[PDB]
């Protein structure tokens, strides 16, 4: 109906007994009561600090909230005990409510020492509070032993927010709560902890990935369980894996590029929980997270209409500071969002009318052109339900002196639509890497995407490495070849330690894949490390590949995270070489995320 979005604070730092409140968890009890849990950090720090698990309750659907009650109290006096990071799981079949959390003594996540002995004050224990009266009273259990099938699981904690209960297939009824372990090899993984007997016993399934962290799982329209993870390896995205079973295992983990994430927690739920398998309502997902990849801000709610393959809908609920966010389906049709606005924990309620709309994911290919040219690219739209929209619009988002126009024929129920985008870029347009936003305006809601228009740069798919002085390829992937893949996240690294290799006169050459008229080169520093940054450099070109001529350019580039230009008077060359003479802070290695050659295709 009319678009709804309201919010109020449940916890405000300093008031009501704690200097810090953090780590949100939202649930709706079997009888319509909203339950919100979070840490009360007397220390403002997580485990092993004396944190307490708290709870506020709303019986009128979320408008008014009760007093702040303690679910698990931490001991500030020695010996220090703490409880942290709550996560609710509601067994819709029996009525039991489970609040999972970290139980700390002397060690936190990174300090936990091997062992399952509840008594050993050196392991981060896995606790569960159970309640049979809708959350009023609780029963605590330490299940660290039930869930540590491998003596190597040195550490663990339950990912905050809220767990699930399968509805479909042969495991309908199973409860699932996600964890993050630290295996024997020091690696962080994702593991599903589940119960087939309504929580009396909890067993752990098969672990997944490397560089995982707080992860979330959801039931797809077909019983498949999608897993959406924070990436501890900081690639600015969410990793995802899928499972098709009940003794839980997921396939390979890959990165979702439609999910920009600053390496933070995120929420993903079924928009219509009780929809039947296969139906269109069972295919609708809601995901909340911080859209910024460099910051914990720009809280945006995204919608998927095909089990998470496409994410056309999106809206910002908090443009400002936004860290952890957790979602829940309300019995009235709306959704409850409990998050961290920086002031403590806030509660929000919104409905789908407020999100924008139309499940019409669309695609527009990436375009490469020369400055001063006009290019027309096709648009492909894939339409949903009550969608006979005779008049849809296409609003592109680019640079002011760029003429961009687009059109799409009408949308017909469950049909594919066509259209096209005409881009015109001026002759004084500086070389490559341009993001263009497209927005499908319709009277039934929004749908948006982004494509790339690269100007005056050669094709990396035609490039190869002619030579390199050293490549770190044992301890890590510092391959010379990671410079030509279109990914800032991957980098070439000089043979670093764990082998005392050569010092600074470092270099790399690219085989352009034929003779081109080139007039420049752009390089992006390695993004998440500052000691293998190139300072002084010199460029050399060649066309026979053996006799190099130059330097055609020389300079010292900066500490800039964006691409930096090495310009020179146009010339023909089949290969280009970058000689790095020094590192910005005098350290011994060179690392390059990406190399771009400016020229004519």
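Residue numbers count along the first chain shown, from 1.
Here 134 to 142 and 371 to 379 are compared by their mean Cα B-factor, and 371 to 379 comes out higher. With 235 to 243 and 432 to 440 compared on mean CA B-factor from the PDB entry, the stretch scoring higher is 235 to 243.
The PDB entry assigns the greatest CA B-factor among 218, 345, 461, 466 to 466.
Looking only at 155, 72, 497, 265, the residue with the top Cα B factor in the deposited structure is 497. Annotation for residue 392: C-alpha temperature factor in the highest third relative to the rest of the modelled chain, per the entry. Per-chain ranking of the deposited C-alpha B factor places residue 597 in the highest third. Residue 34: CA B factor in the middle third of modelled residues in this chain (values from the PDB entry).
In the deposited entry, the Cα temperature factor of residue 485 places it in the middle third of its chain's modelled residues. Residue 57: CA B factor in the highest third of modelled residues in this chain (values from the PDB entry).
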